[PDB]
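Quick notes on the structure that follows.
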2 protein chains.
Amino acid sequence: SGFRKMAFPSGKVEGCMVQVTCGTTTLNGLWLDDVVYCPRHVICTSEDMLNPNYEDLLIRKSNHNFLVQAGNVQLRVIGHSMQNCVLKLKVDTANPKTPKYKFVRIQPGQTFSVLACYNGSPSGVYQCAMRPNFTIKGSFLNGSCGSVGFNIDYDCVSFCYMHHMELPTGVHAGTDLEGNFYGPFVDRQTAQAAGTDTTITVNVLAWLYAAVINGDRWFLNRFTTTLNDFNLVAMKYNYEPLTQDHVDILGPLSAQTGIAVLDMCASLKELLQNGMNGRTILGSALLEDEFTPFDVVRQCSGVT
Amino acid sequence: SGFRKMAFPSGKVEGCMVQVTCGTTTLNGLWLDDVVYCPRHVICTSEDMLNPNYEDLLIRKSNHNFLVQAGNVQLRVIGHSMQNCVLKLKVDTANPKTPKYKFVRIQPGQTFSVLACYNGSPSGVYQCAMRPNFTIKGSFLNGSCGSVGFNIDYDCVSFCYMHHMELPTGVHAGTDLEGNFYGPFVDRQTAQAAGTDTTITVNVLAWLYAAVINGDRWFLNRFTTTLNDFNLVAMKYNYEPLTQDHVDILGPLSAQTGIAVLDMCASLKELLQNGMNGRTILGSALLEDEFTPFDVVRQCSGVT
Ligand SMILES: COc1cccc(Oc2cc(Cl)cc(NC(=O)Cc3cncc4ccccc34)c2)n1
Ligand SMILES: COc1cccc(Oc2cc(Cl)cc(NC(=O)Cc3cncc4ccccc34)c2)n1
């Protein structure tokens, strides 16, 4: 029993982290096979970042300008290319610690672990969700760029995120491993609206099921609701509309607890309308949306 | 910016996890050098656990009865001994992945990362605190015994906790790596009181400083207090008394923000007496006590 914001074991990703330096800028890279992936803004100086022409800035750089270091050993760069907002530095040595991996584009509302790095060295690991507005509420300082987000399925690491920047609002933006930003963001120091965020309804319901499984049940009531009635409440409280696909994804948790999804929606409706009244759920005084239904089953079943 | 419940990168610990089986019981072990450490209750059957005589139960076991497996390879056991509540299985092979390590006994109120394991395989990593009452509020299922808690300082892993059991209250108990339980607990299936827990005052103040650094400042007020006046409030709200040693440990955060420790205590006093009024701090609607002053500085400075 117990329910924690659990990250994946980071070992397989730690073995891929390297330091990339170009000119006076140092950030993290991801060494997989004979390629090092890193944010393309490594080639910018502070003046460049206001309105960079990346194609022009990259043309002034040669293979020998990209200093790549894995621990204490230097990697020899034999190629460089830009794909969207990432640079791919071909090196003459395949990473011996390359795990089985995939590059995936996660959907908003999905979760992943972040291995925060500085100077190619891992500092910490935490679990977070890709917000509905495509930002992440991470914990990153200057030098953390190139730190990655990932999920692990047995022995396969699915890389889904590479850190690029912090918006003036304090939230974070980045790309998939093909360099495509999540959200409307550009790698430029200019005004950027993140847009309205919403609470991830299916994750809140999953976490309410996690609460029931772990013994916190005070919020269960004698009521039920319909998808339409629930969605009127979700609208008022800036929650994502719940669809039948979400109800279906909650199937396993509904079967495990014997609490119909619409009955759990009625519990959520009452908590949204009445608040917690000073009570807590799984150690939280607010409704948690960073656990997907998959995360709840995985944590409550101990998948390794 | 941003503030997360960040765990240490778990790689160095993942390389030490092995599976230990004795009879019909399987749990995790920690392989460091040529010794595998695991909870001694691995030698118990379900009947034994109500009132086990560990000395007698261990006498019926020989080296060949302890099956130790590291991934797919079997380790050869050449010795066994019980030290307090842990078994030390001497193996004929030193763990090639043994990191630089120490065995430490943490103080209540200190934090550490837990690498939850099942069948010697890592499932997840999370950060938690040793409660003032010497329990941990973890996330553990059956089979998780032998999973360890640790802290990392550059390249040295300080192991502080080994998981042994879950109390009927849903909280967790375990030992240091010399097999000494934290708290009054015994490795027996009998009624066990954890005793009154308290909120870790110095950690709450550290987290309030983390909030100020990251931009959440609404709770700062025009007031100050004294250690004595603050401790009257801490008493009423089941918070640990704040000492001058705690004020001294908060020195760096006080200097970083320019907010005197007693002024921060006055902010905490007002939040304790008035609540949050429906507002949040660092994404939390309650006062967080799982970050030590050291954790706040480390996360806010990006130490690797
Ligand atoms: C003015 O609005 C914006 C909006 C989006 C971006 C912006 O500037 C940019 C543009 C580019 Cl190309 C890269 C960056 N790099 C970073 O933000 C680096 C970084 C990452 N994480 C945490 C950090 C904490 C503190 C300091 C820096 C951090 C910024 N300005
Ligand atoms: C009846 O009171 C108690 C108090 C303390 C212990 C007790 O029983 C004991 C005594 C011993 Cl020696 C070992 C154990 N082992 C465990 O608790 C194993 C375990 C660990 N973590 C999470 C778990 C979740 C679900 C099931 C088992 C879990 C229990 N009973």
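We number each residue from 1, going along the chain as drawn.
Technique stated in the header: X-ray crystallography, 1.6 Å.
Cβ atoms are placed via backbone N, Cα and C, with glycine included.
Going by Swiss-Prot, these are the annotated features:
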- B:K5: ubiquitin cross-link (CROSSLNK)
- B:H41: active site, for 3CL-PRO activity (ACT_SITE)
- B:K90: ubiquitin cross-link (CROSSLNK)
- B:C145: active site, nucleophile (ACT_SITE)
Recorded positions among B:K5, B:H41, B:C145 whose Cβ lies under 8 Å from any chain A Cβ: B:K5
Among B:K5, B:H41, B:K90, the recorded positions whose C-beta sits under 6 Å from ligand 2: B:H41
Spatial neighbours of B:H41 (active site, for 3CL-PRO activity) among the recorded positions B:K5, B:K90, B:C145 [C-alpha, 10 Å]: B:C145
Set of same-chain residues at least 6 away whose C-beta sits under 8 angstroms from B:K90 (ubiquitin cross-link): B:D34, B:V35, B:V77, B:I78, B:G79, B:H80, B:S81
Cα-Cα distance linking B:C145 (active site, nucleophile) and B:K5 (ubiquitin cross-link), given in Å to the nearest integer: 23
Cβ-Cβ neighbours of B:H41 (active site, for 3CL-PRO activity) (radius 10 Å): 24
Per-residue Cβ crowding (10 Å cut-off), top of recorded positions B:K5, B:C145: B:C145
B:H41 (active site, for 3CL-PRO activity) in three-state DSSP notation: helix
Secondary structure of B:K5 (ubiquitin cross-link) (DSSP, helix/strand/coil): coil
